[PDB]
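The next block holds one structure in the form of structure tokens; read it before the comments.
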Amino acid sequence: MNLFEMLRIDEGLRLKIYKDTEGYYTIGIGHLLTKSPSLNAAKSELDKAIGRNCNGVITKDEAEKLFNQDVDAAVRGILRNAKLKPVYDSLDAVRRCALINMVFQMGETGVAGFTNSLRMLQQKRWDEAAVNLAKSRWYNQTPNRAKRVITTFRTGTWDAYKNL
């Protein structure tokens, strides 16, 4: 299993422009196009991003490539962060995915503000962390996704994704 699928399942893959939760213009696995409230702008940004006139629609291979870009970017902010870096540094691969899943879900800042839980993860206090994370607004917002992610922190496996 990979990040791709994990995210593919938690965030979802869109092949045509759409309005994220909050309202901006996004595509594929939650790729923000623009903040601007103009479709035309979105289009144009997609086109730049993709390298072809897309007309608001991409192929999956396309969404994948965007995605793998969005990842390494996420990772960089991660590794250029005071709080996240050490934690991440110290996580195992499957466990890193979960952090990344998180970063994607709420951005580098949001994640970096879970002082305690981050601490635990860093400490390798899986259950503690999990229970901790189980009480964030986050968890309450997106329970399913949250439970999956949290379970992964705890278990350190993809098990939570195996039979969906």
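Values quoted throughout were computed directly from the atomic coordinates according to the rules given, and no laboratory measurement underlies them. All Cβ positions, even for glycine, are placed from backbone atoms using ideal geometry, and neighbour counts span all protein chains on display.
Could you check how many residues of the stretch 18-31 are without any contact (Cβ under 8 Å) to a residue 40 or more places away in the chain and surrounded by 14 or more Cβ atoms within 10 Å (Cβ to Cβ)? I'd like the intermediate steps shown before the answer.
Restricting attention to the stretch 18-31, the residues satisfying the condition of being without any contact (Cβ under 8 Å) to a residue 40 or more places away in the chain are 18-28, 31.
Narrowing further to those that are surrounded by 14 or more Cβ atoms within 10 Å (Cβ to Cβ): 18, 20, 24-28, 31.
Counting residues in the stretch 18-31 that are without any contact (Cβ under 8 Å) to a residue 40 or more places away in the chain and surrounded by 14 or more Cβ atoms within 10 Å (Cβ to Cβ) gives 8.
Kindly indicate the residue of the stretch 59-84 that is part of a helix (DSSP H, G or I) and of a type in the set (D, E, K, R) and also surrounded by the most Cβ atoms within 10 Å (Cβ to Cβ) among those meeting that condition. Spell out how you get there, then give the answer.
Step one: filter the stretch 59-84 for residues part of a helix (DSSP H, G or I), giving 60-79, 84.
Right, trim to of a type in the set (D, E, K, R) and you get 60-62, 64-65, 70, 72, 76.
Numbers: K60: 12, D61: 8, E62: 19, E64: 16, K65: 16, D70: 17, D72: 8, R76: 11.
Filtering the stretch 59-84 for residues that are part of a helix (DSSP H, G or I) and of a type in the set (D, E, K, R), the one surrounded by the most Cβ atoms within 10 Å (Cβ to Cβ) comes out as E62.
If we keep just the residues of the stretch 123-160 that are touching a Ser or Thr at 6+ places or on another chain (Cβ under 8 Å) and within 15 Å of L3 (Cα to Cα), which is surrounded by the fewest Cβ atoms within 10 Å (Cβ to Cβ)?
Here the residue is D159.
Would you mind stating whether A98 is small (G, A, S), assigned to a helix (DSSP H, G or I), touching a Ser or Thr at 6+ places or on another chain (Cβ under 8 Å) and surrounded by 13 or more Cβ atoms within 10 Å (Cβ to Cβ)? Don't jump to the end; show me each part of the working.
Numbers: small (G, A, S): yes; assigned to a helix (DSSP H, G or I): yes; touching a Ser or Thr at 6+ places or on another chain (Cβ under 8 Å): yes; surrounded by 13 or more Cβ atoms within 10 Å (Cβ to Cβ): yes.
So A98 passes the test.
Filter the stretch 76-104 down to the residues that are in contact with a helix residue (DSSP H, G or I) (Cβ under 7 Å, 6 or more places away or on another chain), under 18 Å from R148 (Cα atoms) and in contact (Cβ under 8 Å) with a residue 12 or more places away in the chain and list them by number.
Pass one, the stretch 76-104, residues in contact with a helix residue (DSSP H, G or I) (Cβ under 7 Å, 6 or more places away or on another chain): 77-79, 81, 83-88, 90-91, 94-104.
Narrowing the set further to residues that are under 18 Å from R148 (Cα atoms) leaves 91, 94-104.
Correct list: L91, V94, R95, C97, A98, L99, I100, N101, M102, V103, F104.
Pairs needed: first member in the stretch 41-58, surrounded by 18 or more Cβ atoms within 10 Å (Cβ to Cβ); second member anywhere, of a type in the set (S, T, N, Q); C-beta distance under 8 Å; at least 6 residues apart or different chains.
Qualifying pairs under 8 Å: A42/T34; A42/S36; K43/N55; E45/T34.
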